Amino acid sequence: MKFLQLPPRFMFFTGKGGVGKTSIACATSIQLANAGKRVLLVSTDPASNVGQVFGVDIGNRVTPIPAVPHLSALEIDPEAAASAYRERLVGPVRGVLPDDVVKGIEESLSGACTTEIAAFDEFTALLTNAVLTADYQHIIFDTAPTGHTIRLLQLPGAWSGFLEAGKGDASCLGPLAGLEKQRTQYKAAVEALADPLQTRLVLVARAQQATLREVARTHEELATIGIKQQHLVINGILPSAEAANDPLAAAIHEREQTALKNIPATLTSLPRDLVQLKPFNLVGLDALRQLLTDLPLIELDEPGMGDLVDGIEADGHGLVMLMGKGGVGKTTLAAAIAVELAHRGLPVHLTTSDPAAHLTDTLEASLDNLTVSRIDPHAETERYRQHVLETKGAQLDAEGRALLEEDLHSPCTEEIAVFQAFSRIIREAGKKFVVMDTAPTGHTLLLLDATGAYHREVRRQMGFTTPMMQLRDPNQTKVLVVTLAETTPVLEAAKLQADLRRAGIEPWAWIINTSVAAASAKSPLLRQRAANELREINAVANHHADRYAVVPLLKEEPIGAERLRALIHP
Ligand SMILES: Nc1ncnc2c1ncn2[C@@H]1O[C@H](COP(=O)(O)OP(=O)(O)OP(=O)(O)O)[C@@H](O)[C@H]1O
Ligand SMILES: Nc1ncnc2c1ncn2[C@@H]1O[C@H](COP(=O)(O)OP(=O)(O)OP(=O)(O)O)[C@@H](O)[C@H]1O
Ligand SMILES: [As]
Ligand SMILES: [Mg+2]
Ligand SMILES: [Mg+2]
């Protein structure tokens, strides 16, 4: 592998959801650890699959992997990091001062800004602090889908700029934040990210046009930020030998070859590596030790997705949130549902809270009765700033208004603006269908505001029912959990369902999308994949889900109104 030659200290793995970031990260960390180096595999994804891949319980603590010596693992959980940050800030001042002031500080540190800054502080502490990670020669960062990994990588520069612009009194974080001490750490993280000799950025993708476009956009933005040298990995390439004497495999191979030959011009210069498709899930050391190296070489009748759309229509109005793991087909299924509902003569609003929206790509047309929209972080941040200035800024004097605007310029207000837009869009589901494609599980769970941190942060600025009061009502919401027939996707879907039920939301249905089992595959590799997928399909049908639909692996990517509406009614 080209990206494994003379690796720098750090190695990020960024790309669209479900492209193989975690699999490649684990394989590379295992390879380096076996080579003799001491590696630390950090997972910045809030919903990390590292523990499920290695079969070890990994939390917000550096836990060695017993199976492979010299390798340690870490998962940056935002909640645990926020709790540790709050403890560090409050415990030293507890007892000395009365309970009133200390509890006030605790309440002021209980917002979403505190969680975000705690996770970011842990990330930059890993990046910069040499003593903390001196024992590890390599740190392998396995990131979430690029929609939020780009934000994470931009956060050091944004915070350094905010602090260097004479802004040390962000009232969102509270007076006890003391960000002035972390200015040097933020600048060091920025320098490390922009130094090709210290950090290597690997852009994982697939032989699909959407993933390659996403990686091209990510490469453009990250090159703008300051990362110089980047590599490219194309995961999940069907071997050419499988395309013989098989319609589905031949179509997939033709599409993937066409995608490779039309790689974006910006990514044509990056050093490229190709990882084939394997007849097994990449879970465990046995499967992970043969991921980066080329391998030396069913009658399923499940419920369709038409029943789900019929049930959704029967209500006549409400919200339909397509949650699930990244890369499972949330956008495609949301677009298909919206297109089918609009084609029936009903008013539909199709929205996407993903910071990297892919709605206009999967729709490609202005359908009748369908209103497409997205939660653009920058526009929402603007709108939030003007709203706060108009509401609260009227009373303040000129100097107070300027100070309030400088406070609102802090990077963390973007997430509160996004939450405000999300709540406003949800409030529109009382009279018309609102199909909301979501981001991956890790950040969507934070967006739902189960703990009320976002609501507290909003009402602190003083600029009405919470979103949870609607997602908890089965009569005006439907949370469809989209998963694949694979091990890790089903495990993460079950974890998402458990979290939702803990929060009070009962998912309406499950969708096993792009299952080779549903389709008829004759190549040995795809037959092995279907055989492996049968067990997960059975698990989802019997245990996890009482209402579900199975969508096969279409031989042509569903794009446009016609293809999107075809998978609803095969
Ligand atoms: N039934 C299907 N048959 C074949 N390909 C499919 C099918 N459903 C989805 N795909 C492919 O899955 C790819 C994944 O992109 P998609 O937007 O659907 O996923 P997502 O879960 O929204 O991703 P992200 O986590 O990156 O936001 C799409 O490019 C589409 O080509
Ligand atoms: N080369 C490959 N061959 C076969 N299966 C693969 C390959 N690469 C990845 N997979 C499968 O992809 C599934 C999802 O990949 P992975 O766990 O790497 O997701 P991810 O990129 O971390 O996504 P997310 O951002 O949604 O967490 C895994 O179950 C693994 O089985
Ligand atoms: As803030
Ligand atoms: Mg991952
Ligand atoms: Mg999507």
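## Here we look at the nonpolar core
Generally speaking, soluble globular proteins have nonpolar side chains that are buried together. One finds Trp159, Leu173, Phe422 and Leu448 to be the most contacted residues of the largest nonpolar core, which totals 80 residues. Broken down by element, the residue count for this core peaks at eight residues, all from helix α16 (residues 413–426). Formed jointly, this core draws a minimum of three residues from each of two domains, domain 1 (8–288) and domain 2 (306–568). When residues no more than four places from it in sequence are discounted, the contact partners of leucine 173 are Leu109, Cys113, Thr114, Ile117, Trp159 and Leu179. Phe433, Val482, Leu564 and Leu567 belong to the second largest nonpolar core, which has 37 residues in total.

## Concerning helix α22 (residues 560–568)
Of the positions making up α22, those classed as buried are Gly560, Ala561, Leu564, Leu567 and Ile568. Buried residues of α22 fall within an arc of 145° about the axis and therefore sit on the same side. Where α22 is buried, its residues touch α11 (306–315), α12 (330–343) and α13 (359–363).

## A look at the site of ligand 1
Of all residues adjacent to ligand 1, which total 19 residues, the nearest are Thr331, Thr332, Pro552, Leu554 and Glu557. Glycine 327 places a main-chain nitrogen or oxygen 3.0 Å from an oxygen atom of ligand 1. Taking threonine 331, its side chain carries an N or O atom lying 2.6 Å from an oxygen atom of ligand 1. A breakdown of the residues in the shell around ligand 1 according to their chemical character gives seven nonpolar, eight polar and four charged.

## A look at the site of ligand 2
The environment of ligand 2 is formed by 24 residues, the closest being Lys21, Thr22, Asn235, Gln276 and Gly326. One nitrogen or oxygen atom from the main chain of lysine 278 is found 3.1 Å from a nitrogen atom belonging to ligand 2. Within the backbone of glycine 326, an N or O atom sits 3.0 Å from an oxygen atom of ligand 2. Within the complex, the protein chains bury 98% of what would otherwise be the 640 Å² of accessible surface of ligand 2.

## A word on the packing of helix α5 (residues 112–128) against helix α18 (residues 453–461)
For the pair α5 and α18, the least separation of the axes is 7 Å and the interaxial angle reads 115°. Of the residues in α18, those touching α5 at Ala112, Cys113 and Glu116 are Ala453, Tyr454 and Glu457. Split into classes, the residues belonging to the contact of α5 with α18 amount to four nonpolar, no polar and two charged.

## Things to note about the packing of α12 against α22
Close contact between α12 and α22 brings their axes to 8 Å; oriented N to C, the two are set at 90°. Between α12 and α22, the interaxial angle falls into the category roughly perpendicular. Facing α12, whose interface residues are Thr332, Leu333, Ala335, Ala336, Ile337, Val339, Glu340 and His343, α22 presents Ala561, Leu564, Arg565, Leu567 and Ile568. Of the residues in the contact of α12 with α22, the class split is nine nonpolar, two polar and two charged.

## Structural notes on the domain arrangement of the protein
One can read the domain layout of the protein as domain 1 (8–288) and domain 2 (306–568). A separation of 23 Å is found between the C-alpha centroids of domain 1 and domain 2. Opposite the 51 residues of domain 1 that make contact, domain 2 presents 48 residues. With both chains or domains summed, domain 1 and domain 2 bury close to 4,200 Å², and 61% of this area falls on carbon and sulfur atoms. Three residues, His148, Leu248 and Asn281, lead the burial of domain 1 against domain 2; their summed loss comes to 14% of the area buried on that side. At the junction of domain 1 with domain 2, the criterion picks out three salt bridges. As a salt-bridge pair, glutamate 414 and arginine 151 come within 3.2 Å of each other at their nearest N and O atoms. Between the two partners, domain 1 and domain 2, sit 12 residue pairs in polar contact. Elements with a contribution of two residues or more to the side of domain 1 that touches domain 2: α2 (50–54), α5, α6 (146–164), α8 (209–225) and α9 (247–261). Element by element, the count of residues in the side of domain 1 that touches domain 2 is highest for α6, at seven residues.

## Observations regarding the side chain of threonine 381
For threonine 381, the location among the structural elements is in helix α14 (residues 377–391). With relative accessibility at 8%, the residue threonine 381 sits in the buried group. In contact with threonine 381, not counting residues within four places along its chain, are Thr413, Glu414 and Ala417.

## As for the UniProt feature "binding site: Mg(2+) 3" (unreviewed entry) in the protein
When the UniProt feature table is mapped onto this chain numbering, "binding site: Mg(2+) 3" (unreviewed entry) sits at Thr331 and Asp437. The greatest C-alpha distance among the residues just named is 5.7 Å, despite their covering 107 residues of sequence, which places them together in space. Inspection of the secondary structure assignment puts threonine 331 in helix α12. With a relative accessible area of 15%, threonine 331 lands in the buried category. Among all residues touching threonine 331, those that are not within four sequence positions of it are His358, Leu359, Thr362 and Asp437. Excluding anything up to four places from it in sequence, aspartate 437 contacts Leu322, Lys330, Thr331, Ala334, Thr351, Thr352, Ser353 and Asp354. In terms of polar contacts, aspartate 437 uses its side chain to reach the side chain of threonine 331, at 2.5 Å.

## Here's the deal with the packing of aromatic side chains
Tallied over the full model, the rule gives 11 aromatic pairs. Summarising the aromatic geometry, the rings of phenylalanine 3 and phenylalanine 13 are spaced 6.0 Å apart at their centres and angled 85° between planes, so their arrangement reads as edge-to-face. Of this pair, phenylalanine 3 sits in the segment before β1 (10–14) while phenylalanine 13 is found in strand β1, placing the two residues 10 residues apart along the sequence. Of the two residues, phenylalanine 3 and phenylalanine 13, neither departs from the other in class, the shared state being buried. Between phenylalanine 10 and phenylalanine 141, the aromatic rings sit 6.0 Å apart at their centres with planes inclined by 55°, giving tilted as the arrangement. Here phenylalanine 141 lies in strand β5 (residues 138–142) and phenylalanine 10 lies in strand β1, a separation of 131 residues in the sequence. Residue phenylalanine 10 shares its accessibility class with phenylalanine 141, and that shared class is buried.

## Comments concerning the side chain of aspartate 273
Locating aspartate 273 in the fold gives a position in strand β8 (residues 272–276). Residue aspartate 273 is classed as buried on the basis of its relative accessible area of 5%. The residues touching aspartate 273, leaving out its near neighbours within four places in the chain, are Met1, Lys2, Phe3, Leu232, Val233 and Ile234.

The rules behind these values
Residues numbered from 1 in each chain as written, not as in the entry; some residues may be left out. Chains lettered and ligands numbered in written order. Heavy atoms only, no water. Core = buried A, V, L, I, M, F, W, Y, C linked by side-chain atoms within 4.5 Å. Buried < 20%, exposed > 50% of the residue type's maximum accessible area, 1.4 Å probe, protein only. Helix = DSSP H or I, 4+ residues; strand = E, 2+ residues; numbered from the N terminus. Domains from an automatic or database assignment. Contact = heavy atoms within 4.5 Å. Arc of directions from axis to C-beta. Near = heavy atom within 4 Å. Polar contact = N/O pair within 3.5 Å; in protein donor to acceptor, adjacent residues only side chain to side chain. Nonpolar A, V, L, I, M, F, W, Y, C, P; charged D, E, K, R; others polar. Areas by Shrake-Rupley, 256 points an atom, 1.4 Å probe, with all protein chains shown as cover. Axes fitted to C-alpha atoms, helices over the stretch in contact; angles between N-to-C directions. Parallel < 35°, antiparallel > 145°, perpendicular 65-115°, else oblique. Buried area = accessible area lost by both parts, 1.4 Å probe. Salt bridge = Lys/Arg side-chain N within 4 Å of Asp/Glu carboxyl O. UniProt positions renumbered as here; feature names shortened; annotations may be inferred. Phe/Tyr/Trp six-rings, centres within 6.5 Å; stacked < 30°, edge-to-face > 60°.

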